[PDB]
Amino acid sequence: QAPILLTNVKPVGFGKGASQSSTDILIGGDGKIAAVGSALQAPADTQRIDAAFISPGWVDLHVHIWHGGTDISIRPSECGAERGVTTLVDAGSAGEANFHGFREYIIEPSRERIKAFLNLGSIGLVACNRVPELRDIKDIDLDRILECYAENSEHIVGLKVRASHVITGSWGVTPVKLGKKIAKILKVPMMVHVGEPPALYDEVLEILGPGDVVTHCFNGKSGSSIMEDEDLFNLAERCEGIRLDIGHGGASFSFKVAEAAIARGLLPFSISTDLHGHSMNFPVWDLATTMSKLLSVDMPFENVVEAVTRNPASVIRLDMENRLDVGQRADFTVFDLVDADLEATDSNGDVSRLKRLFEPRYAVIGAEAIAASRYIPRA
Amino acid sequence: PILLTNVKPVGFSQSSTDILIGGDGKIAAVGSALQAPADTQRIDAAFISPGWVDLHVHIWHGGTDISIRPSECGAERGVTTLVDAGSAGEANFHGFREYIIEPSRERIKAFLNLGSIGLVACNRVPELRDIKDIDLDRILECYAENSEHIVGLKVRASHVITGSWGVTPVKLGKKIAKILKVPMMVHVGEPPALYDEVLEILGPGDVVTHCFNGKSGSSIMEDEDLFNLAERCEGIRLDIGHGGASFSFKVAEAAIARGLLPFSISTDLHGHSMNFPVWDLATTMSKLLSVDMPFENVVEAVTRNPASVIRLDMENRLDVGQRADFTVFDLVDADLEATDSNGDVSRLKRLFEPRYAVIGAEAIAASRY
Amino acid sequence: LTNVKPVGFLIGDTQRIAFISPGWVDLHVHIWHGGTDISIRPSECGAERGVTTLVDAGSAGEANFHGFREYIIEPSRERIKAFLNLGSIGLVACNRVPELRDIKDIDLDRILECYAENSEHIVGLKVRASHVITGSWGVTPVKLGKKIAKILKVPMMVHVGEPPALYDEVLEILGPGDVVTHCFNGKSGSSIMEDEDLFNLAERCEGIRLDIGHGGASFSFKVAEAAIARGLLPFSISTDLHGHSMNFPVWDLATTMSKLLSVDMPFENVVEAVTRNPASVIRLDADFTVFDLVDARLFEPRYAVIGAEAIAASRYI
Ligand SMILES: [Zn+2]
Ligand SMILES: [Zn+2]
Ligand SMILES: [Zn+2]
Ligand SMILES: [Zn+2]
Ligand SMILES: [Zn+2]
Ligand SMILES: [Zn+2]
């Protein structure tokens, strides 16, 4: 593997003490940072220049990449490196039933770092929303979940529960409490999706605790929106440990909800694209576009980059310190923030025209440097 | 180029001959004592026939929990055509096709499951709970674009799966199979969905697996009215689904004595059935030979019969130009203990012994599990 | 009346100046306005559309037929009859809240009671045998429906649809006088042109009446052609006119009549399957409907005459 020299990059999203000024980075054939400085010299190696931003590889904490195994999932190549995303976290596409399938077909052969939230339900998302995975307790197998996690602690970062009547139907919070019980036993975080009331947003925040994650935090749907209920809003703002995740995905993101939230100081902990076969082409295009929508409703730049690197990484226990150090395995994402006039639409059909766009250029994993680019809607 | 020498053809008549297979994997010549030039030669002593077919197996290795890899019940076991029995429903059929069908050496066919989630979590999370598990539309769509892979619909009709639902699912399954103009393989088990009723819905071409089980409520020997209906059922194929609960020497020996033999001999192979009850298709063949089903008859139940169900052409296989596809096996004398899905043990005095599986220009060494 | 051409067979003024037949009858409509979410007003289909005989297809069950009776039947001009739904709640929340979910939905004693009390209103029992309504129990509510209707001496209108409750299986239960609605639907699993066996059973079923339940998804031109152009033609032309079908696919009874004329059904049979035939189902025999097939060919309601009362009929827009 030949070494690489990335020249003219502007380090962002690293330590609080990382120089923001332009630099050059040298990657060794072993995919490790050989040097970092104002103008290094190199042997016979791929030299790439830009003009700008470089940060640790983007982490999309919420995707569905159980391609083939489930019906709703996409491929990691469709939302990964070619997009500037280095770490992908499948969000409960697989349960204990076919996780070994996910590991062998999706995790092991992928060039990106792939972690997964194990679904509380056994059948995961094979027939997503058509044949609910948490229809009752026969769908939950605690012993097999414990068995599954023990054999895949290197891959499974927590449990997922979709607390919404479309999935859980009529028994609401029970599965969430059960979820919390097993998560506590496994000593792992819990990511909970909120939607159509029956298994109320308010109830979930109550049972959750430090490190837990609520995805779809800023959905603008009746019965789940934090802006229609001041009591809910006050609780979300109070819930002090609980991670709020955008998980934008066709029905879970509203510009209006997010605007109001950010104006009141409530920022999302992490920005994610609940990307799958039905949200990729239209609503959500890619993480970059999602980062652009948050930036458009006043989330300071530095915080959006952080809600896509350091923050989601903490949830999955991904070490992201001293990443620029020599010897550290190169794991970056080169992107620009350019002026534009693009219209993107949220999960509420509301259209907004972004004036600035995160635009990934290269995703460099070790010695490999992949040409990245925003998703172009083939429709 | 491969030159199989000293093989005794069956299932195709002729006698001890030789087969030369060119590089393109097609038969170049078949005759006694052929002469070849600097190319591999495989000799023996040793029957040969079209590549064995397992009409009932469970692959879809990672998409489901019970399934096994096709390399554990395929070529190395002397089997060239595997037919997954409903491991996938419309929900995740692709994927089965991308991960299992496409990369395999053997011809891999599949019965699509009437129930969308198929056997992801086999038996634990029933696939045919209610009507919400059958998406008529998606089944037609899926088939329309996988017709070269899907050979039929599958509807496991027993309470462990269908709970308190009657033959209703079986009736629906039948209506759809007609629309798709394909056969339906039905599984019979715990009485809550009567064997006697399945046969009545089914038609010619359709298959019934677990046809010789020894479980109360679904056995053909305990009910003289059922047994009679089984033999009357003239177009309906009976397939042994020897798995972990669907075969009984007792029943077979009884049904074969009365001149009712199985149409096909399949091994309902999966995680929980490979290791103990059934081992490989070979052993199951020896099992049926053991209860008086004639040798030529056994070989046919593993080649022409199953193939006729999956519409796999098997005519003139030894001709020049035909793709090489055979199972080189022996029939040795032995005395090893084996048992059915009812614990009932038996002593096999003769055993089929896969030697090689020849698929095109590739000859893989084979053996019993 | 003058310049009227009688087909299919001056009261107390004036009479206008071209066809004329007995007031048309829609055997399948939903006019339980107000009482159900899906029903339309009795005057959005009917007199002003050239239909003097409306028949509600199970909008009401025993639980609120009385409400249908005084709010719709009595104050209305047209002759309103109705099939009582085997299911208590009826179509109060159509499809959203199924009427035949379980046996707890049928009340044999109240169905009997209800008929006894409205035998001059109710013309039969209806059953929506499809998985959208009956979920996983297919024929059970149909066999049960027949049983009740039988011991009720009235006809039964059975709607077929999504496969679960098999079209095939329904035809086997029915008897002469019974009516199958949505007969020429071109939807998967329920179409009579995707299973030679069904069409055979369809034709072979010489008693059982086939009705065109042209609703939001039950009438197909292709299916219509193939059948009607091979012998089996509809015993009666109907328009499953509800709050979601009137405004788009099946505008008015006339349009549907014209659709079943644009295929292969002769004028003689179309006009008969809108008067005599359907009338024989609700047991019917001062009352007129004048129309004039034009060019574009389609029917055009002109006038409705209900005893010294002529209304300016005119198709939907
Ligand atoms: Zn979700
Ligand atoms: Zn999701
Ligand atoms: Zn089985
Ligand atoms: Zn099986
Ligand atoms: Zn209807
Ligand atoms: Zn209707």
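Every read-out reported here was derived from the displayed coordinates using simple, explicitly stated rules and does not represent laboratory data. Positions of Cβ are generated from backbone atoms using ideal geometry, with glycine treated the same way; all protein chains shown enter the neighbour counts.
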Exercise. Let me know the mean shielding of B:159-169 by other chains, meaning the per-residue number of their Cβ atoms within 10 Å of its Cβ.
Key: 2
Quiz item: Between the stretch A:290-350 and the stretch B:307-345, how many Å separate their Cα centres?
Solution: 59 Å
Quiz prompt | Amide H partners (placed H, <5 Å) of residue C:165, local residues excluded | solution = C:131
Quiz item: Which parts of the stretch C:14-45 would a label at residue C:120 reach, counting a residue when its backbone N lies under 18 Å from a point 7 Å out along Cα-to-Cβ?
Solution: none
Self-check item: Net charge contributed by nearby residues that have their C-beta within less than 11 Å of residue C:226 (K/R +1, D/E -1)
Solution: -1
Exercise. Using per-residue counts of other Cβ atoms within 10 Å, averaged over each peptide, order A:367-379, C:50-62, C:301-313 from highest down.
Key: C:50-62, C:301-313, A:367-379
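Evaluate E = 1/(1 + (r/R0)^6) for residue B:223 and residue B:164, where r is the Cβ-Cβ distance and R0 equals 22 Å; express this FRET efficiency to the nearest 0.05.
The computed FRET efficiency comes out at 0.55.
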Exercise. Order the peptides C:167-173, A:33-39 from the highest to the lowest mean number of other Cβ atoms within 10 Å of their residues.
Key: C:167-173, A:33-39
Quiz item: What list of ³J(HN,Hα) couplings, whole Hz, do you get for the stretch C:97-102 from phi and the Karplus terms 6.51, -1.76, 1.60, once you set θ to phi - 60° and write x for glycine and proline?
Solution: 10, x, 7, 10, 7, 8
Quiz item: What does the protein assembly as shown give for Rg and for Dmax, in Å, if only its C-alpha atoms count?
Solution: 34.8, 113
Quiz item: For peptide B:135-148, how many partner chain Cβ atoms fall within 10 Å of a residue's Cβ, on average?
Solution: 2
Quiz prompt | Separation in nanometres of the label points that stand 7 Å from Cα toward Cβ, at residue A:177 and residue B:102 | solution = 4.7 nm
Practice problem: May I ask you to derive the FRET efficiency for residue A:379 and residue B:16 from their Cβ-Cβ distance with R0 = 51 Å, giving the value to the nearest 0.05? | Solution: 0.20
Quiz prompt | For residue C:192, residues with placed amide H under 5 Å, excluding near neighbours | solution = C:185
Quiz item: Any idea what Rg and Dmax come out to for the stretch B:52-315 if you just take the C-alpha atoms, in Å?
Solution: 16.6, 47
Quiz prompt | Estimated vicinal HN-Hα couplings, Hz - the stretch A:128-138 in sequence order (Karplus 6.51, -1.76, 1.60; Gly, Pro = x) | solution = 2, 6, 8, 9, x, 8, 10, 6, 4, 5, 6
Practice problem: Evaluate peptide B:92-99: per residue, the Cβ atoms of other protein chains within 10 Å of its Cβ; return the mean as an integer. | Solution: 5
Quiz item: With each pseudo-label sitting 7 Å past Cα toward Cβ, what's the residue C:312-residue A:41 distance in nm, one decimal?
Solution: 9.9 nm
Quiz item: For the pair residue C:110 and residue B:196, what calculated FRET efficiency results from E = 1/(1 + (r/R0)^6), where r is the Cβ-Cβ distance and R0 = 41 Å, to the nearest 0.05?
Solution: 0.60
Quiz item: Can you run phi through the Karplus equation (6.51, -1.76, 1.60; θ = phi - 60°) for the stretch A:358-369 and list ³J(HN,Hα) in whole Hz, with x for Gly and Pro?
Solution: 6, 9, x, 10, 9, 10, 10, 10, x, 7, 7, 10
Practice problem: Quick one: which residues, 5+ away or cross-chain, put their amide H under 5 Å from the amide H of residue A:365? H built at 1.01 Å from N. | Solution: A:370
Self-check item: Alpha carbon centroid spacing (whole Å) that separates the stretch B:198-240 from the stretch A:80-140
Solution: 40 Å
